[PDB]
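Next up is one chain by itself, shown in structure tokens, the form deposited in one PDB entry.
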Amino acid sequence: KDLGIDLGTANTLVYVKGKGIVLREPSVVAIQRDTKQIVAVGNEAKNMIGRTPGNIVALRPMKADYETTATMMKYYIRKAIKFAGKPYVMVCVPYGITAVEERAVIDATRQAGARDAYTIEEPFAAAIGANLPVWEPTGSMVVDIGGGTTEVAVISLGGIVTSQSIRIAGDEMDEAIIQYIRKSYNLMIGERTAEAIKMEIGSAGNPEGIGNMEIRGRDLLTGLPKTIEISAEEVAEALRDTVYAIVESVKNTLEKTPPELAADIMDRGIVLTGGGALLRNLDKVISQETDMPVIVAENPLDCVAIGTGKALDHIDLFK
């Protein structure tokens, strides 16, 4: 029974042909500090972390190493198959991926127990998962904003016409908030607080009425913890350059798009997928700066994984 696997920078999802998303686990491993060997993956790692056995540290590999990939894929595949035979595995990969890296991904999935492994670029999977008409001779456009990358693509006739990837996404919005608070308040906050600010009062623009938030961090003069209040308006300033860079990759992908496909997209709209697509008003801001309709996909966190699974029905194209 064939599997689609989305090993995301923070979240891993496994799709099983005929069952849907059957596995939702963090992209994390636990490694024994001294032996440097992986001893748990995903939920087994997170729970081992909560048992606290010492001599063990958690890592986020997808934030790269062939054996880590193989070990993680072996866990997720074995965990997902609740067994009819060695599976055929569709592996979602970032659009940037090079040939040597793509073959390293296939070989490690084979090592993990796949009969054979195929890859699908993330924007293509997201477009399939967002129900864009990717097989028709008309233009479609998806912007997938994850934790590590923003991937923009124009799809037509079952393939990517043009596509761009930038390393400016969810994690970079967090960093922009950290850096803004550092410069403005001489206060250093951690990544957990930055993430919460982004989710609770973050916006791409027009932050009126979103509200304010009390946050805590380290005063950089005294080194002592300090509490301040930050506003939606400030957070939107903090995120301005990140948002501008996403807008610019959408524009730059359009400028590389043939004219008729560009016309189809202006008519049907751009679809935003991924967790970063939930930044408040990002759809409106991309719409305003490009003069195009922009909508956030239904089920934006699962589009990629569902698209990876639906690609199993078209295994011939990826073989």
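Don't overthink the numbering: it's just position in the shown sequence, from 1. By rigid core we mean the largest C-alpha set that fits within 1.5 Å across both forms.
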- request: Note whether residue 103 lacks coordinates in a third or more of the other compared entries that model its flanking residues.
  value: no
field: Absent coordinates for residue 182 in a third or more of other compared entries
entry: no
query: Does the deposited sequence hold unmodelled residues between residue 63 and residue 64, and if so, how many: none, 1 to 3, 4 to 9, or 10 or more?
result: 4 to 9
query: Which class describes the count of deposited residues lacking coordinates between residue 82 and residue 83: none, 1 to 3, 4 to 9, or 10 or more?
result: 4 to 9
- line: Mean B factor on CA atoms, stretches 186 to 194 and 83 to 91, record says higher is 83 to 91
- prompt: Comparing 35 to 43 with 274 to 282, which has the greater mean CA B-factor as deposited?
  reply: 35 to 43
statement: Scanning 97, 228, 173, 152 for peak Cα temperature factor in the entry gives 97
- prompt: Whose C-alpha has the highest temperature factor in the PDB entry: 242, 249, 179, 138?
  reply: 138
message: Can you tell me whether residue 10 has a C-alpha B-factor in the lowest, middle or highest third compared with the other modelled residues of the same chain?
response: highest
task: Taking the values exactly as deposited, rank residue 254 by C-alpha B-factor within its chain and report the matching third: lowest, middle or highest.
output: middle
query: Would the CA B-factor of residue 116 place it in the lowest, middle or highest third of its chain?
result: highest
message: Using the temperature factors of the C-alpha atoms in this entry, rank residue 220 within its chain: lowest, middle or highest third.
response: lowest
task: Could you look up the Cα B-factor of residue 148 in the entry and say which third of the chain it sits in: lowest, middle or highest?
output: lowest
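Below, we turn to the form deposited in another entry, even though it does not appear here.
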field: Only residue that shifts (Cα, 2 Å or more, rigid core superposed) between this form and the one not shown, among 166, 247, 97, 106
entry: 97
query: Does superposing the core leave residue 136 with a CA shift of 2 Å or more between this form and the one not shown?
result: no
message: Following rigid core alignment, is the displacement of the residue 32 C-alpha between this form and the one not shown equal to or greater than 2 angstroms?
response: yes
- prompt: For residue 223, is the CA shift between this form and the one not shown at least 2 Å following rigid-core superposition?
  reply: yes
query: Is the CA-CA spacing of residue 198 and residue 96 tighter or wider in that other deposited form than here, given a 3 Å or more change?
result: farther
